[PDB]
């Protein structure tokens, strides 16, 4: 399945704790063509865009905001996983996953050391 769409958030669990264990309502637009992705995430006041291909390193930021090199792999046909490494600093191990349900929900998880936050999106 293909992750393209305009995605609205419907659930969120542990965002502040991801935030509270770390230092410190986004809409998401995805275009996927094969293994190539564009993901734009925005709130009312902030926006960011990433471009990556599965299996190719790229640069982005950690939950707490620090510069990182990322690499995405497929865990299955419906789920991708991303390992991150800070470009400069020491820190918690951070990563994220995105997967699609058969019903077309997009589930994001974000992990910072042992704390996991889950966000769920549907297409609008």
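Numbering follows the first chain given and starts at 1.
Going from residue 19 to residue 20, the model skips none of the deposited residues; the chain is continuous there. For the segment pair 90 to 98 and 50 to 58, the entry gives 90 to 98 the higher mean B-factor, averaged over Cα atoms.
Between the stretches 39 to 47 and 59 to 67, it is 59 to 67 that shows the larger average CA temperature factor. For the set 110, 107, 10, 24, the PDB entry assigns the largest Cα B-factor to 24.
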